[PDB]
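Scroll down for the structure; my scribbles are underneath it.
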Amino acid sequence: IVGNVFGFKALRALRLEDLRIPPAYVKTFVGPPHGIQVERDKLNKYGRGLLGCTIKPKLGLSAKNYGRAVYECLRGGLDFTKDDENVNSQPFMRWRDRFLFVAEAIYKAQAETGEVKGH
Amino acid sequence: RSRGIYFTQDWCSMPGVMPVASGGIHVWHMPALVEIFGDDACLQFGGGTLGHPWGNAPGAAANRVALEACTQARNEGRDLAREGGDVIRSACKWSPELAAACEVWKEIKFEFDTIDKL
Amino acid sequence: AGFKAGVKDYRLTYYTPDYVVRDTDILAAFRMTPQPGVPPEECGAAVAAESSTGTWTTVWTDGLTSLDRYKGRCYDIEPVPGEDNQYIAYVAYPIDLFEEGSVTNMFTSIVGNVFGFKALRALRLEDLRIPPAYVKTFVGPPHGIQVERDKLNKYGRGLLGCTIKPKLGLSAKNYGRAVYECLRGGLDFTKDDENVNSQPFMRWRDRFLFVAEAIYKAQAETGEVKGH
Amino acid sequence: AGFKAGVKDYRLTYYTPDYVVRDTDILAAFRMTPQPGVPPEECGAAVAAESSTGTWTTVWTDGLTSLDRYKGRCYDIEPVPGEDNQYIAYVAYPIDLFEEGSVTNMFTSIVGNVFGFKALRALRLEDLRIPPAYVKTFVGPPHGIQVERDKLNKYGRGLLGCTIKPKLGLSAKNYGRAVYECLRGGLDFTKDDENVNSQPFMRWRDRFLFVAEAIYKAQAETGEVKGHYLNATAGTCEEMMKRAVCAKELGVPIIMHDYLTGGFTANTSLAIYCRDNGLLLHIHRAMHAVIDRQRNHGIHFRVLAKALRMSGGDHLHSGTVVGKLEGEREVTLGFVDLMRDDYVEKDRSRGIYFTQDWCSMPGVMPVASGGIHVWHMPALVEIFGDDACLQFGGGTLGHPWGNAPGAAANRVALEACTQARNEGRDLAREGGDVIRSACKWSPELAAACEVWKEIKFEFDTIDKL
Amino acid sequence: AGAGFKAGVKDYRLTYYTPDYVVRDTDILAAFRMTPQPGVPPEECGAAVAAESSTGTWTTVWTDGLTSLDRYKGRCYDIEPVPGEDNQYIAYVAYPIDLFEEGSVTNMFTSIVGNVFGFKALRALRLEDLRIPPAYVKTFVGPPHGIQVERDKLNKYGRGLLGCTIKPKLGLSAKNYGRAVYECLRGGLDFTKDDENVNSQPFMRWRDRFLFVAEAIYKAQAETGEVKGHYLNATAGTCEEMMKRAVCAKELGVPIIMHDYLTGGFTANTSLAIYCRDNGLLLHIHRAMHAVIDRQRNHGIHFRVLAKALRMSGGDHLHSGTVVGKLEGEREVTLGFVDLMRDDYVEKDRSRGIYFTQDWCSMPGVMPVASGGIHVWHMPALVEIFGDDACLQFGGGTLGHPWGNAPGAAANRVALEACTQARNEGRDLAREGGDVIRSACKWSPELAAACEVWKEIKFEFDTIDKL
Amino acid sequence: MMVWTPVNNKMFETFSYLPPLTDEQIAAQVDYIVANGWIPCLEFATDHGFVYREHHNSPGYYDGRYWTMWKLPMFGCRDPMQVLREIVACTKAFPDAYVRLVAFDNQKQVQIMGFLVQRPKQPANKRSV
Amino acid sequence: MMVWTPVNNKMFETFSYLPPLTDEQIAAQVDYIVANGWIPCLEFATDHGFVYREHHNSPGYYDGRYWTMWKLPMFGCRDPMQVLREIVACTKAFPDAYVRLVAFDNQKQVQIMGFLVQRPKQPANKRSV
Ligand SMILES: O=C(O)[C@@](O)(COP(=O)(O)O)[C@H](O)[C@H](O)COP(=O)(O)O
Ligand SMILES: O=C(O)[C@@](O)(COP(=O)(O)O)[C@H](O)[C@H](O)COP(=O)(O)O
Ligand SMILES: O=C(O)[C@@](O)(COP(=O)(O)O)[C@H](O)[C@H](O)COP(=O)(O)O
Ligand SMILES: [Mg+2]
Ligand SMILES: [Mg+2]
Ligand SMILES: [Mg+2]
Ligand SMILES: [Mg+2]
């Protein structure tokens, strides 16, 4: 649908505004791993919006400082924290170090508050 | 068409996706967010938490208080579009963490001409 | 200099017109169209900030690290000739910001969020300077031109190809039939159309097998290496 | 310019004294001793040629490629002060010559054949300039100093270690028994001796399990994180990996590897395994002095240290200066900066021939080990600062009261010295006084102080600048 | 009042100097050339080396009493002064077989050469020889094939093998590499090879090279009717990469690969030798870096020990030096370690540098490879030194021939075959070698061309690694 | 700057960061349930009132999410007084239990609200120091 | 020969093998932080004061490494008196907690010093018997 046509000389601009995906095509997809209802049921969280927060600065924090920040966020009342979109694995912070420290943080904040936490 | 939906869309029981509202929001936006999204949404406060004058735990509490106050108000039948300012102001008077966040960001708005118009 | 909560201009941290770029920096050239009343310098700084380390308000965690070492820097702003509201903003990014070997990570930083900022009306990334120190972290192309010519044993002219048509709708056997006829008449390559993957009218493995028969037949008939 | 068969001087192609080096070039500094009647320029050119593209006679295949692009180039030759027949030859290698991420390939080129040339009498590689563009192709250390301190939750002082002794001959159960007593008294780490691998008197897997029991018991008793560098060094890569995997299964924080006797190919493999599994990697430099002791021939340790940093390790033995093994102060201070720091300037008085930019590659923790005891503590803290591990084998297991008191003595000594330093005392001048005060106060330390009071290691240095 | 624990330093010689010890047939024996600091007694020095390479440290430890030091200690059992040196000694050290991990050269080196070379108390140390007893030898897989099996696989008998390194060392593309390899092999060479430092690089990626070299090997083989090979380099940054290369060589069906055992290392090498045994690949060993360790007379490890180690770790070929070429190697020394590489049983012989009788207990012999600055005029000397069981390599000597590789290869092959015939006919190559080559020049235009170009060329310099 | 206390400051999901709900406020939440046609239900816990992990450790597995149901969900009930009376009955029978009021939407098939009404025997302002 | 006691002889990293720090010794450590331009911070623990492993077991994973931060790290602070006053404020608010003074270096981005200043209510010489 959007492969080549946007580059045709004969048009000056093109914008795909909408698609009607018929049920017969929709059914061929695995789709979302859980979806809203199952998510609420897994986290045991109902009756309000969920609260999250991206750790900042976007880049530049060490793995240990990342978990430090995450624990303090989660213990104060947020349900989730998150890696910034561009935090992957970098010289200032390798991914597996981050995952381990964030895990420590999640579990500490969970035990302190009594509410399920994530990052 | 007034909401940009050109086609009737039937998802045939495919699970729904939770919308996430994130980017330059703070405690004063809470009523507008709860009004727009309802409960089935996640609201994200980066700067709005890590930029709180007392640190992350108080920042998080401020956001959580604000969201809970707004949710209560809505359930009690208050109109958040009209009364939202008042809900937050009341919560400020009550919670020192919230009050501190309210002061820091009171002036802050993001109002620009929309590019992606219908 | 302590932690002071609140919003301040991006240009106080992220506009640095006296910065001498380093040979390891990734450099971006953005064609930028600010909203009315937004100074180009504040716009360029916003772009640099929100594609590197900064967000909309001051965060205390900055002081745990060195912003100077990690921040993206808008280091130059040229106006565009014959445009009242267009600028080229040049942004330098330290090599530490990027994951080695990951184009995904580079795009995520440089073009991740900034294009959607309210404060700008339009934005276009025009060019990137990828420094050798970053380039060397990539596997890069599996072969490249020279090795490709050497494998195919083809030299001294352009290569000739052809997409099978119609784009969609041909059976696997007809695809091969078409492929053999093309290759045997002098083309080096034929190809699946971009959208030909695996579909009801033609499943991928059936197509691969018939195309293989076609490639080898045309190759034996002509004496020249063939592909699809 | 055609193909002309026959021999010609290397210097016609490979001596280029007007060459401007590129920021991506690998640079080598060779201390070179020519045979009589071989001009230094011809010698340098020969080293440059035979470590890059050239052989002993002209080959026609050169013209299929661009020799200018690929050749190593001897670009400078300095005579050495106070030597009639020694030169420093500087050679520049294009980054194209090297396999990305391979310390093995780098050594193969630069030190592969040239040391055996008839035309020279001796050759020593003194330093290498690894450009950032090459540095970035290496995975590098699995963790590095900062992440290590963060994992162990240890800050503000040097780390304390100890090798179990005797080197060989203890059973698995006795090994763990020794380890528990060491760790509970105040040491952070104990370790397998470099040659403890798997042997008839003690099989590796038995040792790993008893050592694990001992680590966890000492940790629960003291409340401090503890570790023991289990030796993964082995005869094959498969065996090496089996040992690393068992360490991981046991949940222990740190393993070790003898990088030069095991080899760079195995070492780099292990470092990558360690990064992927959160294991810290301690590096023992067994065999280095075979290569690096003599001033006229071999490879200086600073190059072997740079290579280890690229191949990967979290710790690396650095010498003690004051202990039973050789290492001169200024030389040691030079390579310790090369191991730990991000940017090190050229400084010939510390043996640094090139400015070295590590481009954010994690630093390696230096390990001071070998014939040291409590009286050396002030000198060690003065030389290394906090970012070091100090190891006391005999200095712990040789204490008259056993391992736990032995460990306590070393820990008290290190903490006393650290406190004194922080209070502004000058350890170089007041060190003896710091220890003497701590003796008066701690009976364990007093006993160690009495036993080793006389003991010094003062000999003429071989590896002089 | 039995021997208790007494804390403190005492002399190493009280425990580790035992001049009345009778060595056991299972002991590993080391011969160290030792240069003490002034005021350090040779006995104390020898004992220090024995102690610190086995069980002892600098001060007495209480844990000794939990085990039997008598059973485990290394022992300096003899000290000879060196003739015509005021401060040099040969110290002999005996090590119980219990000290070593079975089948691990890595472990053996770690103990014997691990720390002692850096001791303050000595000015210089050199490991000259090791006696590996049969009971330790049997714990090693050893070479994947060995000389006999290798000749049997290639179907090549009755002469030395001929090889050649592709040049320039670095800088040729995959396609050009194959082009050069085909031309060399079709002219008469049995083997070509990757240069030691040709691994995988921007100018030429390994897999591209392997495929083009495979095409070249098979083409030259079909053209000549003789089995051909090319030592594809498996040397790599990681074991996993090394194994990938070996596996691709196997998938290609090529007969032989190579490895730089010292810059790759013993652990990697032993793994590769096991792979080669299990998959029928021959394994050529390049000794890059050896001269960093083994050039100087006063300090390091003699190549004969590195050769013994390689035999145990595993290799079908091992570079041995040429004696007469551009790299150092004295004749008597080389003859000694060539025997140690190839033979089953080698007697003590100090005039060839062999300090110990060495019994290999049927472990396969390694083929010595003579390579480095040799050309057609060296042929008679090389055949005289090595005999048939050797591989002679001509890099510059082939790719530097005025007419190109195929003539180059033919010149080398004619020269070797002439020399071999002459030797078989009873001619003395040491005396008559020049005449054999001169006759062959008169007869073969390719040879003549090579003889003219390199007539003047000799490598004669003062030897550093003297006995 | 006030410090958010880590001692003993356990929370109970929705509304626990507000002042404790008055009787009038609880009644207002019940009216909300009824006005929306949702199904009210009560659940109680006599043991651990918090999520934990005893029996398994994998993602999205937690023990302690299920409490014990009080009677049955009150299907068809449109009377706020009846709901209020069940809260009293439940708390009466289990005066030492955690008790919570939840409501279900059978269209989305999910719990659509919930809050604690009783805990066993930090105050809203002693949460910072 | 004295025997190092295994009974209750828990340690707290840097300086715990010395006599307890006097007020003058603590002030000297504070001066050191200030002279070096490091960022002082306080952390406290009201529960387990030691490393343990509850939630996971792999290499380099431990629970109990993070303590609760007191307020925020004192960025820009060059005043030893200010630091000493925060120690008093923190120990006053949490008189039963483990409390430690730490300092950060933002160049290396790592904690560069740390020692315990308060534990909840072995003596330096009763460690051996
Ligand atoms: O990286 C950021 O800027 C954010 O983390 C928000 O940070 P703050 O909360 O501190 O502003 C989000 O990624 C953006 O909201 C993405 O935008 P969007 O959701 O529109 O795609
Ligand atoms: O084998 C030994 O002697 C040691 O265990 C120290 O024992 P002691 O503490 O009892 O002396 C070390 O492995 C060497 O110091 C290594 O040398 P280096 O650090 O020079 O590489
Ligand atoms: O790379 C080289 O220099 C060679 O290809 C020889 O080239 P030429 O045939 O052109 O001389 C060999 O690898 C060296 O001989 C190795 O030395 P050794 O055999 O002593 O280990
Ligand atoms: Mg983001
Ligand atoms: Mg197409
Ligand atoms: Mg040791
Ligand atoms: Mg070579």
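Atoms considered below: every heavy atom in the structure, side chains included; atoms not considered: hydrogens, waters and symmetry mates. Chain A is the first sequence line, chain B the second, and so forth, proteins listed ahead of strands; every chain is numbered from 1.
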Rounded to the nearest 0.5 angstrom, the CD-CZ distance for B:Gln72 and A:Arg48 is 14.0 Å
Note to self: Measuring only between side-chain heavy atoms, which start at C-beta, is B:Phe7 closer than 4.5 Å to A:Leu19?
What the structure shows: no
Between B:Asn56 and A:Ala69 (side chain of the first, backbone of the second, donor and acceptor by atom type, cut-off under 3.5 Å), is there such a pair?
yes
When the 4.5 angstrom heavy-atom criterion is applied to A:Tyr46 and chain B, the contacting part is neither
Report task. Using a cut-off of 6.0 Å, state whether more than 12 heavy atoms not belonging to B:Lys117 lie near its atom NZ. Result -> yes
Open item on the list: Could you check whether A:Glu17 pairs with B:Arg1 (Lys NZ or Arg NE/NH1/NH2 to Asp/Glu carboxylate O, under 4.0 Å)?
Closed with: no
message: Run B:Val20 and A:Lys82 through side chain to side chain contact (heavy atoms under 4.5 Å, CB included) and show every step you take.
response: CA-CA 12 Å; B:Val20 183; A:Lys82 75 183 276 303; over 6 Å; no
Cut-off 4.5 Å, heavy atoms of chain A, and the answer for B:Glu97 is neither
Of B:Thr49, B:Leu43, B:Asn63, the one forming a side-chain contact (heavy atoms from CB on, under 4.5 Å) with A:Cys53 is B:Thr49
*asked:* Salt bridge or not between A:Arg20 and B:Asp10? Use side-chain N to carboxylate O under 4.0 Å.
replied: no
Fill in: Check: B:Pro15 and A:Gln37 side chains under 4.5 Å, non-hydrogen atoms
no
Within the 4.5 Å heavy-atom criterion, are B:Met18 and A:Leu50 side-chain neighbours or not?
yes
* Heavy-atom donor-acceptor pair, B:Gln44 side chain to A:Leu51 backbone, under 3.5 Å -> no
Turns out that what part of A:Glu39 lies under 4.5 Å from chain B's heavy atoms comes down to side chain
In this structure, CZ of B:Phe45 is separated from OG1 of A:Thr81 (nearest 0.5 Å) by 14.5 Å
Shortest non-hydrogen pair, B:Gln9 vs A:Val26, comes out as NE2-CG2, 4.4 Å
Value for CG (A:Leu78) from SG (B:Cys42), rounded to nearest 0.5 Å, stands at 9.5 Å
Scanning both residues in full, the closest heavy-atom pair of B:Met14 with A:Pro32 reads CG-CD, 3.7 Å
Here the pair of heavy atoms bringing A:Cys73 nearest to B:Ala60 is O-CB, 3.2 Å
| task | In plain terms, say whether A:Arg15 and B:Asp116 are close enough for a salt bridge, that is, a side-chain N and a carboxylate O under 4.0 Å apart. | result | yes
Counting heavy-atom pairs under 4.5 angstrom with chain A, the leader among B:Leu50, B:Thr71, B:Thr8, B:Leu33 is B:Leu50
